[PDB]
Ligand SMILES: O=C(O)c1cccc(-c2cccnc2)c1
Ligand code: NA
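Shown next as structure tokens:
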């Protein structure tokens, strides 16, 4: 029993984190095979960041301008190149701790673990969802750039996120490992803002199933609804539309608990319309939307990663 | 910016997790140097759950009754002894991944990370606090016994918890790494119930200071309180008493934000009286109590 916001074990990623220094800027890099990945804004001074020409700034740098420390061991940079908003530093040594890995781009609503790091040294791990507005509600201080997000599927690490910047509301923006931003953001010091966010409906439903599995049942009722009917309520309360594919994905949890998705949707409609009436669900007074269906199944079934 | 329930990176502990089998029972062990630590109830059979005599059960075992598997490798057990409620298995290989470590017994209100494991392989990492009733609110399935809790301040792993059992309310009980249970619990299946739990007041105050540091002041008020009047109110809401030690411990956060500790207590008193009126604090609609003063300073900026 119990249900906690849970990260993947971070050991496989910890062995890939290095410190990257260019001039006065130190941040984190990801060392995999013989390449170190980090944000291309590592090469900018503060005035550069106002309106950077990245190809032009890069041309002045020699390999020896990139100091890379893995632990207390210097790495030798033998090449450099840019892919979208990430810098790739070719180094003379393959990382002997490189895990089995892939670069994947995730979809809004999907979750991943963040290994927050400073000076190439991991300092904390936590679980994030990619919001519908393509931000993440992370916890990052100065020096965290280049920290990464990831999932583990069997023995393979799927890297999905690299941290680049904080937005004025305190939420965070970054890229996939091929340098493509999540969301309508740019790596430049300019006026940028998170769009209005919404709630991830399929995730809230997953978490209600987690609650039932853990004995929290007071919100269940006799009613059911239709997709069309529910999605009208969803739109009214700033919830993402629920699709038929969402219902299919929740199939397992519906069969395990005996509560059909639209049965549970009727529960959620009543909570949105009437609130929680001073009660809580899995210790929360808010409807939690950063557990996917897969997250709930895996935590309520004990899948392991060694 | 931002504030998250943040665990320590688990890699240093992952490298120590092994599987221990005795008879038909498999659970997790912690392999440090040449010793594997695990819950002594691995030697119980279904016959033994209510009143096991661990000394009598242990004297009947030889080294080779214990199977220890580190990854795909069998370690050879060359000695065994029992210390309180943990079993210590001497093995013929020191763990090459042993970090700098120590064993620490923690006090209620302290937080730590849990590396949930099954069959010697890590499943997930999350953050916990030791409740005032000496339980923890974990996420543990059958087979998770021997999973450990830890902090890593300054590259040394302080092991503070080993998971032993689940109580009927769904909360969890365990030992320090010297095998002494937290609280009054015992490794028997005789009926045991956690005491009434209470909110960790000093942690709530810390988290309110975290909210101010991150730029939120909506819950403050113009009042102050004496420490005794604060306690007289807060215990009516099942809050732990706040001691002068706690007041002293909050000094640094008070200095950073410019809000006196007893002024923050007055803000908490009013929050308990009013609720949040639809608002949130650091993204929560409840007052959060599993962040310590030390956690807040470690996660937050120092600038506010
Ligand atoms: O101290 C003991 O030996 C003991 C024996 C039986 C039961 C309990 C116990 C422990 C915790 C809660 N309720 C009961 C302790
Ligand atoms: Na229903």
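Chains as they are written, first to last, in the UniProt record's numbering: chain A, 3264 to 3569; chain B, 3264 to 3567.
Here a beta-carbon is modelled for each residue, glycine too, at the ideal position from N, C-alpha and C.
task = Throw me the rounded Cβ distance for the residue 3264 of chain B and residue 3433 of chain A pair, which I believe falls under 8 Å.
result = 4 Å
query = Rounded to whole angstroms, how far is the Cβ of residue 3281 of chain B from the Cβ of residue 3332 of chain B, which I believe are closer than 8 Å?
reply = 6 Å
inquiry  = Does the distance between the C-beta of residue 3486 of chain A and the nearest non-hydrogen atom of ligand 4 fall short of 7 Å?
reply    = Of the ligands this structure carries, namely ligand 1 and ligand 2, none is ligand 4.
query = By the criterion of Cβ-Cβ separation under 9 Å, what are the contact partners of residue 3542 of chain A in chain D?
reply = Going by chain labels, chain D is absent from the structure shown, which instead holds the protein chains A and B.
inquiry  = So with CB distances below 7 Å, who are the chain B contacts of residue 3425 of chain A?
reply    = None at all; the shortest Cβ gap to chain B is about 17 Å.
inquiry  = Using 8 Å as the threshold, is the C-beta distance between residue 3409 of chain A and residue 3302 of chain A below it?
reply    = yes
request  = Check the Cβ of residue 3388 of chain B against every Cβ in chain A and list those closer than 8 Å, keeping chain order.
outcome  = 3269, 3270, 3271, 3272, 3273, 3388
query = Hey, does residue 3553 of chain A have any beta-carbon neighbour from chain B nearer than 8 Å?
reply = no
inquiry  = Is residue 3418 of chain B a contact residue of ligand 2, with contact defined as CB to any heavy atom under 7 Å?
reply    = no
Enclosing beta strand (DSSP E) for residue 3445 of chain B [first to last residue] = Per DSSP, residue 3445 of chain B belongs to no beta strand (DSSP E) and is neither H nor E.
Where residue 3433 of chain B meets chain A, residues with beta-carbon distance less than 8 Å = 3264, 3265, 3477, 3478
inquiry  = Distance check for residue 3562 of chain A and residue 3387 of chain B, CA to CA, integer angstroms please.
reply    = 8 Å
message = Among the candidates B/3441, B/3449, B/3329, whose CA atom is the shortest distance from the CA of residue 3316 of chain B?
response = B/3449
query = Which residue or residues does DSSP assign as beta-bridge partners of residue 3430 of chain B?
reply = Bridge partners of residue 3430 of chain B: none, in fact.
query = Just reading off the beta strand (DSSP E) that residue 3282 of chain A is part of, what are its end residues?
reply = 3280-3285
ask   = Applying a beta-carbon distance threshold of less than 7 Å, which residues of chain B neighbour residue 3429 of chain A?
value = 3264
message = Under 8 Å, CB to CB, which of the residues in the stretch 3345-3374 of chain A have a partner in chain B?
response = none
query = What residues of chain B sit near residue 3533 of chain A, judged by a beta carbon separation below 7 Å?
reply = Under the 7 Å cutoff, chain B gives no residues; its nearest Cβ is about 18 Å from residue 3533 of chain A.
message = DSSP three-state label for residue 3348 of chain B, please.
response = coil
message = With three or more C-beta pairs closer than 8 Å as the rule, is the stretch 3360-3368 of chain B touching the stretch 3389-3407 of chain B?
response = no
task = List the endpoints of the continuous alpha helix (DSSP H) containing residue 3515 of chain A.
result = 3514-3520
message = Taking the straight line between their C-alpha atoms, what separation do you get for residue 3542 of chain B and residue 3481 of chain B?
response = 9 Å
Residue 3474 of chain A CB to nearest heavy atom of ligand 2 below 7 Å = no
key: Minimum C-alpha distance to residue 3376 of chain B - residue among B/3383, B/3401, B/3348, B/3508   = B/3401
query = Is the CB-CB distance between residue 3456 of chain B and residue 3444 of chain B below 8 Å?
reply = no
task = Please go through the same chain and pick out, in chain order, the residues whose beta-carbon is closer than 6 Å to the beta-carbon of residue 3523 of chain A, but skip the five residues on each side of it.
result = 3517
request  = Assign residue 3534 of chain B to one of three DSSP states: helix, strand, or coil.
outcome  = helix
inquiry  = Does any residue of chain A have a CB that is nearer than 8 Å to the CB of residue 3277 of chain B?
reply    = yes
task = May I ask you to check if the CB of residue 3526 of chain A is nearer than 7 Å to at least one heavy atom of ligand 2?
result = yes
query = Could you give the uninterrupted runs of the beta strand (DSSP E) lying entirely in the stretch 3430-3501 of chain A, keeping only those of 3 residues or more?
reply = 3435-3438
query = In chain A, what lies closer than 7 Å to residue 3404 of chain B by C-beta?
reply = 3565
ask   = Per the contact definition of three or more C-beta pairs closer than 8 Å, is the stretch 3291-3308 of chain A in contact with the stretch 3347-3356 of chain A?
value = yes
key: Neighbourhood of residue 3270 of chain B by C-beta, 7 Å cutoff - its chain only, sequence neighbours within 5 removed   = 3376, 3388, 3389, 3390
inquiry  = Tell me the DSSP secondary structure of residue 3307 of chain A in three-state form.
reply    = coil
Partners in chain B for residue 3401 of chain A, counting only beta-carbon separations shorter than 8 Å = 3265, 3267
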